[PDB]
Novice: 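Got a structure for you, written out below as structure tokens; questions coming shortly.
In what follows, every chain begins at residue 1, and chains take the letters A, B, ... in the order their sequences are listed.
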Amino acid sequence: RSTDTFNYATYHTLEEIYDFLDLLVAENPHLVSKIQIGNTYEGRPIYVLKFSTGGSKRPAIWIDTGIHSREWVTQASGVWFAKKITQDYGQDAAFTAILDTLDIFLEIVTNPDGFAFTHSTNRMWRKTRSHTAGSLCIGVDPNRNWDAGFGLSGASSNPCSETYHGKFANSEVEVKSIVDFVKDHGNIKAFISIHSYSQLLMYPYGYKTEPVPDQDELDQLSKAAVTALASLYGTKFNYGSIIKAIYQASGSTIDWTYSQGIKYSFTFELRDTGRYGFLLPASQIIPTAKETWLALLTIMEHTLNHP
Amino acid sequence: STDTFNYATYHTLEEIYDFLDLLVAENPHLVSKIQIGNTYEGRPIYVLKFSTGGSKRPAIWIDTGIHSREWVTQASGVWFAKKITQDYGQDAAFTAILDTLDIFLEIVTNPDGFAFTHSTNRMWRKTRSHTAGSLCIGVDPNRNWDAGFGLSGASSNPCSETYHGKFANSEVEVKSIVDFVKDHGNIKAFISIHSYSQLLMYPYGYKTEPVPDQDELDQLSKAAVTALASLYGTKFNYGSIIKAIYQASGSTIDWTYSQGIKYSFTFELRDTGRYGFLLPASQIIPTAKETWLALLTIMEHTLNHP
Ligand SMILES: CC(=O)N[C@@H](Cc1ccc(O)cc1)C(=O)N[C@@H](C)P(=O)(O)C[C@@H](CCc1ccccc1)C(=O)O
Ligand SMILES: CC(=O)N[C@@H](Cc1ccc(O)cc1)C(=O)N[C@@H](C)P(=O)(O)C[C@@H](CCc1ccccc1)C(=O)O
Ligand SMILES: [Zn+2]
Ligand SMILES: [Zn+2]
């Protein structure tokens with residue numbers, strides 16, 4: 001095929017997304033590369049796309065989708081983002097300026113075992129697919145497994161729970177693989193984790209009520225990003241710290257990344273507000289991706305202009 | 001007829017409501033249909049009454065489907081209704097239960113939500129009442145009861161899965177049950193059936209304090225899950241709601257227990273997460289059968305302990 005004839009307005013399987021990664025790289029090999037950062041619990045490769053115009057470990061933007069496997073609009077938007085980057089580089093001046101200074105890393109399927117499971121067995125699967133000693137229940141919540149307030153209020157110690165934090169921080173290879181990549185890279189400037197649903201744009205912390213020292217800057221940037229997002233279809237997002245805007249969550253992704261010095265640590269909750277919830281119709285994939293892209297541009301532009 | 005009905009498939013609201021009428025027509029001296037209210041969207045709310053006579057005999061209340069996405073519960077309820085009419089006058093043990101107790105069965109406790117899981121969103125949980133100032137719809141009917149209402153274990157955020165609503169009994173689906181139970185006045189056991197997690201629980205959900213009847217309820221819980229396991233080996237855990245799953249305020253059996261209904265229980269049926277709410281139709285009848293054994297255990301205890 002080609003990525004020009006790929007159907008961005010439908011949901012795809014893991015194999016189809018993985019094939020898309022290869023085709024995108026084959027079509028754009030001086031712009032895009034595919035990095036394997038690990039293997040999942042069940043042995044599947046974990047892939048990140050690196051978009052770059054040169055240099056050695058340039059300051060970088062990290063974007064990940066699908067860490068909760070049932071949130072299908074996120075992986076679908078990720079595929080759309082990947083194609084959009086290759087379309088706009090060298091054509092759109094604003095985005096070209098971003099990529100001329102920063103690299104972008106995009107992990108489209110952050111939880112491949114869960115994603116496979118949502119296609120084969122249980123559409124509403126959330127967690128990883130690891131076995132837990134002393135339990136028959138399967139999986140750890142990858143968004144409770146990070147080393148930031150790990151195991152504190154805002155997660156469950158029950159292995160059968162949707163928010164089970166796991167036996168120890170980074171027990172899940174899908175999480176440890178990202179941690180290892182981020183620490184080895186050492187020059188990640190923004191980290192954006194994309195989830196659905198609720199229509200929120202949030203910054204740290206989720207595990208405690210104390211505001212981050214950078215709250216004023218992150219709140220202003222949030223306001224700018226949701227303004228940009230709403231400009232296209234009028235989609236209304238709220239924003240704030242995780243703990244204020246949704247609820248307390250311990251061991252979650254951007255609390256950790258912020259603790260590593262990544263100032264521009266954000267998470268999106270995409271469409272909708274519950275009518276379809278995780279079952280967002282395919283006809284809403286592209287509108288969701290388009291409006292989200294405007295918000296992403298806002299954050300990346302801010303990152304570019306504040307070295 | 002109810003003899004040609006397919007019990008091993010999931011049905012629509014229309015199909016279940018047709019089933020109610022068929023069961024009544026086929027068993028006119030045993031089964032009747034009572035309308036206890038209308039939903040927010042105007043759908044009738046029906047309870048089946050199984051009775052062999054008397055004037056407001058002591059009764060068992062069983063409800064399924066208060067959380068609409070929990071499809072194995074309504075499917076099990078349909079099977080229970082048929083099972084009652086099959087076994088009465090055939091099975092000595094059950095016949096003895098129904099010769100003293102009435103059984104009330106509410107198969108679709110949240111009809112608007114159930115309709116919505118078929119038309120629009122298979123994972124819909126709440127009622128379908130509108131909330132001013134919010135883009136979100138619906139109240140969690142299992143956080144809307146007047147027992148620890150609005151305390152820790154529920155949300156004040158209208159967009160939340162566990163939104164408790166403006167005040168206790170604000171949801172007509174809940175108040176309809178409250179009104180019926182209070183008017184009846186002789187409900188001896190109240191069993192709320194949910195999925196999933198494979199649990200049999202007793203109060204409280206909203207606080208850690210044990211109920212005064214905890215030893216009796218705990219031992220009955222053990223007996224019931226032992227009975228359930230006897231058929232396929234399905235393993236249920238048991239305990240108070242707050243110890244066995246998590247804290248939940250304004251929930252159903254905390255309220256019923258507070259009204260003096262000692263034998264207040266809730267089931268979480270199959271499975272433990274593999275399919276979760278999406279339990280295959282092939283597991284409907286095994287789920288219903290094993291749960292029936294547990295229900296029989298609770299009903300016989302209720303029968304023998306006024
Ligand atoms: C059925 C349901 O809606 N479940 C929740 C999760 C849940 C379940 C049981 C609980 O007791 C508590 C929470 C969900 O999927 N929510 C999704 C919208 P989310 O799953 O993506 C929300 C997210 C918090 C925000 C966040 C996002 C990224 C990084 C840090 C924080 C979370 O709970 O992980
Ligand atoms: C993802 C998840 O865990 N969802 C929960 C609900 C939920 C969502 C967000 C939260 O923050 C907290 C809870 C669910 O559907 N759970 C079902 C298995 P349940 O929905 O039927 C469990 C039930 C508690 C036990 C109970 C049952 C009957 C009567 C009294 C108590 C509940 O949470 O209402
Ligand atoms: Zn998520
Ligand atoms: Zn439930």
Side-chain angles (χ1 to χ4, degrees), chain A residues 69-72 114 117-132 135-141 153-164 196-200 234-238 240 243-248 269 271-281 284, chain B residues 68-71 113 116-128 130-131 133-140 152-163 195-199 233-237 239 242-247 268 270-280 283:
Chain A
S69 36
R70 61 184 178 208
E71 296 166 13
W72 277 12
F117 203 73
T118 65
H119 282 274
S120 66
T121 304
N122 178 353
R123 173 64 177 81
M124 288 292 124
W125 194 259
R126 168 188 177 85
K127 298 192 282 176
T128 67
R129 292 293 300 165
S130 62
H131 299 274
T132 296
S135 182
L136 295 173
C137 280
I138 297 177
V140 168
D141 187 347
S153 299
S156 176
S157 60
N158 184 351
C160 302
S161 172
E162 289 233 312
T163 58
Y164 179 48
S196 77
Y197 61 95
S198 282
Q199 300 181 187
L200 298 170
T235 302
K236 164 81 161 169
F237 272 52
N238 283 306
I243 191 159
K244 287 179 178 272
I246 191 164
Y247 44 62
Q248 179 178 46
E269 289 285 356
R271 299 194 188 177
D272 57 9
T273 60
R275 172 177 172 77
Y276 295 104
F278 306 114
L279 305 170
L280 196 76
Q284 293 198 46
Chain B
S68 35
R69 56 180 179 216
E70 298 172 9
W71 278 13
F116 204 73
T117 65
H118 286 271
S119 64
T120 306
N121 180 351
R122 172 68 179 77
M123 290 287 129
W124 191 261
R125 164 193 179 81
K126 293 192 290 176
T127 67
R128 290 294 295 165
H130 285 233
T131 304
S134 192
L135 276 168
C136 295
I137 287 174
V139 170
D140 188 348
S152 300
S155 176
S156 62
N157 184 341
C159 290
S160 168
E161 290 230 310
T162 57
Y163 177 48
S195 73
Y196 60 94
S197 278
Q198 300 185 187
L199 296 172
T234 304
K235 291 182 183 324
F236 275 52
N237 287 314
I242 195 162
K243 286 183 190 247
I245 190 166
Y246 42 64
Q247 177 181 55
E268 294 279 359
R270 301 193 190 183
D271 58 10
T272 60
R274 178 173 172 77
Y275 296 107
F277 307 114
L278 299 174
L279 196 75
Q283 296 196 42

Novice: Going by side chain to side chain contact (heavy atoms under 4.5 Å, CB included), name the residues that satisfy it together with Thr273(A), two or more places apart in sequence or in a different chain.
Specialist: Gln199(A), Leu135(B), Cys136(B)
Novice: Among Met123(B), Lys126(B), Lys235(B), who wins on heavy-atom pairs under 4.5 Å with chain A?
Specialist: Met123(B)
Novice: Determine the minimum heavy-atom distance between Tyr197(A) and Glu161(B), stating which atoms define it.
Specialist: OH-OE2, 4.5 Å
Novice: Name the member of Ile137(B), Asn157(B), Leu278(B), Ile245(B) that forms the most heavy-atom pairs with chain A at distances under 4.5 Å.
Specialist: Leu278(B)
Novice: At a heavy-atom separation under 4.5 Å, does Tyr247(A) approach chain B through its side chain, its backbone, both, or neither?
Specialist: neither
Novice: To the nearest 0.5 Å, what is the distance between CG (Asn122(A)) and CZ (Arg274(B))?
Specialist: 9.0 Å
Novice: Check whether any side-chain heavy atom of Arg123(A) lies under 4.5 Å from a side-chain heavy atom of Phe277(B), and answer yes or no.
Specialist: no
